[PDB]
Each structure stands twice: as structure tokens, then as C-alpha cells.
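Overview (structure and organization)
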Amino acid sequence: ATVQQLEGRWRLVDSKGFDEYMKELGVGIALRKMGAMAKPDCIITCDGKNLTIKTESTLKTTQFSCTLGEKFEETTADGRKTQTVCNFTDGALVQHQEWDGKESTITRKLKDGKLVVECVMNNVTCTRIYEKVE
Ligand SMILES: O=C(O)c1ccccc1NC(=O)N1CCc2ccccc21
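Conventions and cut-offs
- Residues numbered from 1 in each chain as written, not as in the entry; some residues may be left out.
- Heavy atoms only, no water.
- Near = heavy atom within 4 Å.
- Polar contact = N/O pair within 3.5 Å; in protein donor to acceptor, adjacent residues only side chain to side chain.
- Areas by Shrake-Rupley, 256 points an atom, 1.4 Å probe, with all protein chains shown as cover.
- 1 Å grid on protein atoms, 1.4 Å probe; cavity = no way out; pocket = protein on both sides within 12 Å on 5 of 7 lines; lining within 4 Å.
- Sits in = over half its atoms within 2 Å of the grid points.
- Points joined across faces, edges and corners; volume = space filled by probe spheres on them.
- Helix = DSSP H or I, 4+ residues; strand = E, 2+ residues; numbered from the N terminus.
- Nonpolar A, V, L, I, M, F, W, Y, C, P; charged D, E, K, R; others polar.
- Pairing = 2+ DSSP bridges.
- Axes fitted to C-alpha atoms, helices over the stretch in contact; angles between N-to-C directions.

The deposited coordinates, according to the entry record, derive from X-ray crystallography at 2.4400 Å resolution.

What follows is the structure in C-alpha cells.
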């Protein structure tokens, strides 16, 4: 696999465990209902070693730019300010977040032309499936 196979615009088609994952991140019931309603686009750009992931929704647009392997300051959709590191390892893009003694791991890989986003926090797992637009 390659990091450049994840590149492009992707559109959400399936979601499993998003509510529980948001509950675990400390998200309020009101924001959880909104977040569950949204059907975002995920725009991935990869300059071989530089990475940008934009999440477009009519509700909220989020984005981060990093250099693979380097720890940067990331502001999340739910307003957490995290120290994040992104790494492309074993045919998957791994994003590890750290804030106020807590940790989360977002893994993005390709599976039958579809972008599979596995979000994990403690015992909680979420699976978001995206389909390519461009
Ligand atoms: O949605 C995702 O697959 C996603 C996966 C992993 C980490 C964060 C995510 N979500 C995200 O960054 N945003 C921004 C705007 C918005 C609206 C509604 C639901 C979510 C989001």
C-alpha cells in the first residue's frame, strides 16, 4: 500500500459506533446529535511526507496539516486542543491524539476502494466508511 492511495475527496456512506466514540471523548448529547446528523466529506492531501486532512460539513469544517512523524498542535471538531502525531505504517495512516492525560487513535486504510476510518478511545471503537468522490 501507499499514502497517496488515500489522497482525494471522500464522502461518508456508513458509520458504526460514532455516538459511543463521541460520548467517550466527552462530547455533550446536543453536539453528539448534530455530529450524528452530518454526512461529511473527507479531503486528503499527501505531499509524500506532508499531510492535510480536511473534514467538510455544513455544520463544521475542521482541518489539520502536519509532517508525518512530527508532533503538532491540533484543534478538534469537538474543541479539544491535542498534541497529535501522524504516521504511515503497515499500509495504514495512523493518527494518535493526546490531551489532558487521555489518548485516542484514528486509523485510515483502503479496503475495496473504500476509505475505512477506525476511531478508538479506551474500550470504545468507531468505524466510518467513506467512498471516493474525486
Ligand atoms: O467524521 C469523521 O469520520 C471523523 C473521524 C475521525 C476523527 C474526527 C472525525 N470528525 C471530524 O473531524 N468532523 C469535523 C466536522 C464534523 C461534523 C460531523 C461529524 C464529524 C466531524
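**Section: the site of the ligand**
Near the ligand the following residues occur: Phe 18, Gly 35, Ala 38, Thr 55, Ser 57, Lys 60, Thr 62, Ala 77, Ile 106, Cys 119, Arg 128 and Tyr 130. Measuring from an oxygen atom of the ligand, one finds a side-chain N or O atom of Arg 128 at 2.8 Å. At 2.6 Å, a side-chain N or O of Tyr 130 approaches an oxygen atom of the ligand. Taken by itself the ligand offers 440 Å² of open surface, and the protein chains cover 87% of this. With respect to the detected pockets, the ligand is housed in the largest pocket.

**Some details on the layout of surface pockets**
A volume near 800 Å³ is recorded for the largest pocket. Lining the largest pocket are 31 residues, and of these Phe 18, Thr 55, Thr 62, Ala 77 and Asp 78 sit closest to its centre. Contributions of two or more residues to the lining of the largest pocket are made by α1 (18-24), α2 (29-37), β3 (50-56), β4 (62-67), β7 (92-99), β8 (102-111), β9 (114-121) and β10 (124-132). Of the residues contributing to the lining of the largest pocket, the split by class is 18 nonpolar, seven polar and six charged.

**Topic: the sheet that holds β8**
Here we have ten strands laid out as an open sheet, ordered β4-β3-β2-β1-β10-β9-β8-β7-β6-β5, and antiparallel in their pairing. The sheet is open, and its two edges are formed by β4 and β5 (72-75), each paired on a single side. Strand-to-strand, the axes of this sheet are offset by a mean angle of 25°, without reference to chain direction. Direction of pairing for strand β1 (residues 8-16) relative to β10: antiparallel, over a ladder of six bridges. In the sheet register, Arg 11 faces β10, and the bridge partner there is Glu 131.

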